[PDB]
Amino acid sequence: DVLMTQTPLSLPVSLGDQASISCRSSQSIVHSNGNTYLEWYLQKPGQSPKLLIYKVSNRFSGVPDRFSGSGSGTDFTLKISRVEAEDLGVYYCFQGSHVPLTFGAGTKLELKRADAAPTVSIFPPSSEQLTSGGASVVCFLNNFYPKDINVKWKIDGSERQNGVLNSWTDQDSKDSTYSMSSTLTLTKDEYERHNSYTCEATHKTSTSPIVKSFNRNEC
């Protein structure tokens, strides 16, 4: 397979700035017939992808000239001269030369804003859930920036890695922060067996982790 590596996978911009997106292929994407079928697609949230550029540098009809594609061989770049608000979304490169046809993983064009540390809230299992025989502990980590965050669960001082489900919101359109939910789901038996519950988040905004805990027995 021709692997299509995009760099970066997250591009923070301010509106009006210049944006460049790298796509490098693991094999030459020159077809035998002479053409290089390298394309660029933009997918806006809740829409289907659109063609911006074909064969390296050909803009598709009605795509404005602030977009340009360049490169040769294995190395390709999409460039946005001045980024508009409508240009945000996920950008894919694509090679239509070799079977299987392959897309890059996508590069998310996201807004720059000031760093924002997460507000961490931890929540024990409800009585309602417990009367059922299961036990979910919930940690909300809201309104942080950048999106990079490491969340671990600890039970009685030790890390837990099985049973954890995570969900992230997209970038908020009003304040540009991100938010995340983490749920440790245990059996009620297991929950009643252990006492100390901790959700901790390491985010670039602090040297030390945000630690939020509770002890079951005091609830």
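The numbering used is simple: start at 1 and walk along the sequence shown.
Mean C-alpha B-factor is higher over 26 to 34 than over the other stretch, the pair under comparison being 26 to 34 and 66 to 74. Comparing the deposited coordinates for 147 to 155 and 51 to 59, the stretch with the larger average C-alpha B-factor is 147 to 155. Looking only at 141, 138, 130, 93, the residue with the top Cα B factor in the deposited structure is 130.
Per the PDB record, residue ranking by Cα B-factor puts residue 125 in the middle third of the chain. Annotation for residue 171: CA B-factor lies in the highest third of the chain's modelled residues. The deposited CA B-factor of residue 134 belongs to the highest third of values across its chain. Annotation for residue 185: C-alpha temperature factor in the middle third relative to the rest of the modelled chain, per the entry. The deposited CA B-factor of residue 198 belongs to the lowest third of values across its chain.
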